[PDB]
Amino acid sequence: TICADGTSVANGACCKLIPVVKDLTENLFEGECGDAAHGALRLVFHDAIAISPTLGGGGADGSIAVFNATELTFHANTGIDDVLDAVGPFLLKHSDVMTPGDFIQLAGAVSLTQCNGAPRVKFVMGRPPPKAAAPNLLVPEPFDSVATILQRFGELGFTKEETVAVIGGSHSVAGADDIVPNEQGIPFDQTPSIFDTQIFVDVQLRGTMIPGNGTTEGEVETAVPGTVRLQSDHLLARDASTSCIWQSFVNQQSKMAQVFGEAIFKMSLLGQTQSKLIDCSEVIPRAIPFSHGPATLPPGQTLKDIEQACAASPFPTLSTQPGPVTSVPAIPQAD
């Protein structure tokens, strides 16, 4: 079926989403991989991961928005209020054509297409409205152990490979708003606007500093000024279960994107039954091709600054980015 804009879709029920996609790219993200995009991507996780085989939750159901009055009381959802201040108006204005679970997954898929190198993901629709808030304690925290993280993702059907890719890849295009005291938009990698493998490098370096004037639980030292490091990421890069996977993505941008894309789609299905869903992948914008060069060490760092953790292979012999040590700019906030 050809929609009013000229897009061909397999299922004409998808055409009603074309204006949503246009509104998101023009008016929420404004064609940029900035804070609005980061918030939409984070919201995918906080909505979808909040499901457990034994404790409940509906998964990718829109509960984080519909039942925000409850879910925003949960410590792990700190800062989701500010994300919803930017994204929530769009969810409401498009609530005539799609459920909130569908909206959140669409917005995350469209957000990725605003970022250099990020994959175009598959997108399906048909998720029913949510029944209840998620239980608390289903969203992983940055102070959770690797065993805890792997049990949560593993019990939901993710491989360790997918787990590392989706966490680390997301953190390629992301900052911390509620970790560094009184500071917002502190990136996890040197390039929060670029879906590259700098995150994997940046985290493997020996940490030497903390930004700002104190710490939050689940923060550790970082190696690059103007960035922050989560304990979870730190540990994922170093634990024997995951460290070789972490290392495997360094300077493997295409492989990391492919795995990331598949993991996001899997995440988008949590709590759902794939049988009742309709593919609307044609409505997703085209991706921006990765247009940067190889991964590099940050200025001033050398391979002796890498903390080797993978026993099977040495860390890749990357060149060092030329120039003086510089601080990474903070991300201007949408809210």
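All residue numbers are counted from 1 along the displayed sequence.
Query raised in the report: For the stretches 85-93 and 228-236, which has the higher mean C-alpha B-factor as given in the deposited record?
Result: So the stretch with the higher mean C-alpha B-factor is 85-93.
Query raised in the report: Comparing 147-155 with 210-218, which stretch shows the greater average C-alpha B-factor in the deposited entry?
Result: Stretch with the higher mean C-alpha B-factor: 210-218.
**Report entry** Residue selected from 68, 268, 52, 302 by maximal Cα B factor
**Finding:** Highest C-alpha B-factor among the listed options: 302.
**Report entry** Among modelled residues of the same chain, the CA temperature factor third for residue 287
**Finding:** Ranked within chain, residue 287 CA B lands in the highest tercile.
Query raised in the report: Against its chain's modelled residues, does residue 281's Cα B factor rank lowest, middle or highest third?
Result: Tercile = middle for this residue's CA B-factor.
Query raised in the report: According to the PDB entry, is the CA B factor of residue 125 in the bottom, middle or top third of its chain, that is, lowest, middle or highest?
Result: For residue 125, the deposited C-alpha B-factor lands in the middle third.
Requested in this report: Among all modelled residues of this chain, ranked by Cα B factor, put residue 248 in the bottom, middle or top third, i.e. lowest, middle or highest.
Outcome: Residue 248: CA B-factor falls in the middle third of its chain.
**Report entry** Modelled-residue ranking by C-alpha temperature factor, third containing residue 181
**Finding:** Highest third - that is where residue 181 ends up once the chain's C-alpha B-factors are sorted.
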